[PDB]
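1. my complex, part one, positions kept as in the full thing:
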Amino acid sequence: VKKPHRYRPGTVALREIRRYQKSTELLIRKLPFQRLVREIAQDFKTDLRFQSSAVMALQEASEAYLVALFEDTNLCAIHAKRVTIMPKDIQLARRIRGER
């Protein structure tokens, strides 16, 4: 008769949304992002040294842009009477934004 407790689908999601719409700290791991940045900074020049402040500013800007894109994608998916986002929503959002 022993049952394990578990919330219904969509509860932990709302809890996380509330949690992360309140905090402001960065969400991406520092080292993987730094390694990705350095790898990208090789097809323009080799042996590129980096101030830490540049890396953190890049992370801030990238995360802000990604969050804004996520919110636009959410609006696009909601407009399609859905709660799940699929990449066509991202494509439409970037197309309307003029990125495409």
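-> Done, it's in. Residues are numbered from 1 along each chain as shown, chains lettered A, B, ... in the order given.

2. number of residues surrounding residue A:46?
-> By other C-beta atoms under 10 Å, the residues close to residue A:46 number 7. (Each C-beta comes from the backbone N, C-alpha and C, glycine too.)

3. and what of residue A:72?
-> For residue A:72, the count of nearby residues is 17 (other C-beta under 10 Å).

4. can you tell me the element residue A:96 falls in?
-> Assigned by DSSP states H and E, residue A:96 belongs to helix A:87-97.

5. now residue A:37
-> Here residue A:37 sits within helix A:30-40, counting by DSSP H and E.

6. returning to what we had before: which residues are contacting the helix holding residue A:96?
-> When contacts are defined by C-beta atoms under 8 Å, 6 or more residues apart in numbering, helix A:87-97 is touched by residues A:69, A:72-73, A:75-77, A:80, A:100.

7. buried residues, the helix holding residue A:37. List them.
-> Under the neighbour-count criterion of 16 or more other C-beta atoms under 10 Å, helix A:30-40 has A:33-34, A:37 buried.

8. would you mind measuring from the residue nearest in space to the middle of chain A to residue A:2?
-> Residue closest to the mean C-alpha point of chain A, counted by C-alpha atoms, centre = their mean, is residue A:66 at 4.5 Å. Per C-beta to C-beta, to the nearest Å, residue A:66 is found 43 Å from residue A:2.

9. likewise for residue A:79?
-> Shown here: residue A:79 relative to residue A:2, a distance of 45 Å by C-beta to C-beta.

10. now do residue A:76
-> Counting by C-beta to C-beta, the gap from residue A:76 to residue A:2 is 44 Å.

11. burial of residue A:95, as a residue count?
-> 10.

12. I meant to write residue A:89 there.
-> A count of nearby residues for residue A:89, using other C-beta under 10 Å, gives 20.

13. put chain B onto that model:
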Amino acid sequence: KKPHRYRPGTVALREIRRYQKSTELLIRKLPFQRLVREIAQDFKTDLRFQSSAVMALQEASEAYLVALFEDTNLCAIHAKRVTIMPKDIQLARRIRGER
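-> Below is chain B, added to the chains above:
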């Protein structure tokens, strides 16, 4: 003895083809000038206007409206629809940043 009417939508496609090849203005000039002067009335009275200015406003407005219509069409199609809804326009303007 039949009216011989075209099906709903083929005429729309024909006029889309017609108006996607032309370049002339689609709005009557006199009403547009009257509206422009009416709007300008609220900022300063007794304002005179060069005709090239009114043409400039008409061209810019029509281009912006065409762009907005194109975005709205994509938004409505994303909803798997064929008719344009005002909610599509509102979403498009919000995404652009105008809202």
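
14. the contacts of helix A:87-97 with chain B there, same question as before?
-> Identification of contacts with helix A:87-97 by C-beta atoms under 8 Å, 6 or more residues apart in numbering or on different chains yields A:69, A:72-73, A:75-77, A:80, A:100, B:71, B:74-75, B:78, B:92, B:95-96.

15. smallest gap between chain A and chain B, at which residue?
-> The nearest approach of chain A to chain B comes at residue A:96, 4.6 Å away (C-beta to the nearest C-beta).

16. which helix or strand contains residue A:56?
-> In this assignment (DSSP H and E), residue A:56 forms part of helix A:52-79.

17. what about that helix and chain B, any contact?
-> Yes: using C-beta under 8 Å from any C-beta of the partner chain, helix A:52-79 reaches chain B at A:72, A:75-76, A:79.

18. may I see the buried residues of that helix?
-> For helix A:52-79, a neighbour-count test (16 or more other C-beta atoms under 10 Å in any protein chain shown) marks A:58-59, A:72-73, A:76-77, A:79 as buried.

19. please save the CA atoms from stretch A:61-80 in CSV.
-> C-alpha atoms of stretch A:61-80 as CSV (Å, rounded to 0.1, in the frame of the first residue of the first chain):
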residue,chain,number,x,y,z
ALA,A,61,25.4,39.1,-23.2
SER,A,62,24.9,35.6,-24.5
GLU,A,63,22.7,34.5,-21.6
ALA,A,64,20.6,37.7,-21.9
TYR,A,65,20.1,37.2,-25.6
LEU,A,66,19.2,33.5,-25.1
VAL,A,67,16.7,34.4,-22.4
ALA,A,68,15.0,37.0,-24.6
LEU,A,69,14.9,34.5,-27.5
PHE,A,70,13.4,31.9,-25.1
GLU,A,71,10.6,34.3,-24.1
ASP,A,72,9.9,35.2,-27.7
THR,A,73,9.8,31.4,-28.5
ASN,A,74,7.4,30.9,-25.6
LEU,A,75,5.1,33.6,-27.0
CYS,A,76,5.2,32.0,-30.4
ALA,A,77,4.4,28.6,-29.1
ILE,A,78,1.5,29.9,-27.0
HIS,A,79,0.2,31.6,-30.1
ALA,A,80,-0.1,28.1,-31.6
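
20. can you add chain C next? sequence is:
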Amino acid sequence: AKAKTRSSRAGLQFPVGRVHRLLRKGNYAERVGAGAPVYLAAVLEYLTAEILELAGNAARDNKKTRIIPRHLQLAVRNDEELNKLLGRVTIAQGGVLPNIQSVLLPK
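-> Below, chain C sits with the chains from the block before:
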């Protein structure tokens, strides 16, 4: 006589002399009007006071004695004119406004 700051003469807190020097060295025009730096410093001081007031209100609402970037972001995004002004401005560690769509709420 004794030197008197032009800010004091205009009753401002922003350094009018520094503003005038920066205007001269900013390659904006050959000549700079005498009443220009005063006007610019006054406008800057007014905007600074406005946003500082809003940020202090936000910080107090968080029961904190020091304004943090989160307070600045909240004040800017909550003020319609200020948000429109800084439409394309990204604030570091500012976070976002807590907002959840209605349809995602449990019903």
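
21. re-run the earlier check on the neighbour count of residue A:46 with chain C in the model.
-> A count of nearby residues for residue A:46, using other C-beta atoms under 10 Å in any protein chain shown, gives 7.

22. actually residue C:100, not the one I wrote
-> Neighbour tally, residue C:100, other C-beta under 10 Å: 11.

23. that one contacts residue A:19, doesn't it?
-> No: between residue C:100 and residue A:19 there is no contact under C-beta atoms under 8 Å: 11.7 Å.

24. contacts for the host helix or strand of residue C:77?
-> If you go by DSSP H and E, residue C:77 is part of helix C:69-78. With C-beta under 8 Å, 6+ apart as the contact definition, helix C:69-78 has outside contacts at A:24, C:51, C:54-59, C:62, C:64, C:82-83, C:86, C:89, C:91-97.

25. drop anything exposed from these.
-> Among the contacts of helix C:69-78, the ones that count as buried by 16+ other C-beta under 10 Å are A:24, C:51, C:54-55, C:58-59, C:82, C:86, C:91, C:94-96.

26. which parts of chain C sit against chain A?
-> Chain C comes close to chain A at residues C:69-70, C:73, C:90, C:92-101, C:103-106, as judged by C-beta under 8 Å from any C-beta.

27. near chain B, which residues of chain C are found?
-> residue C:87.

28. can you tell me the centre-most residue of chain C?
-> The centroid of chain C falls nearest to residue C:48 when counting by C-alpha atoms, centre = their mean (3.6 Å).

29. how much space separates that residue from chain A?
-> Distance, residue C:48 to chain A, using C-beta to the nearest C-beta, to the nearest Å: 23 Å.

30. host element of that residue?
-> Per DSSP H and E: residue C:48 is located in helix C:36-61.

31. now do the buried residues in the helix holding residue A:96.
-> Those would be A:89-90, A:92-93, A:96, for helix A:87-97 by 16+ other C-beta under 10 Å.

32. kind regards, and thank you for your time.
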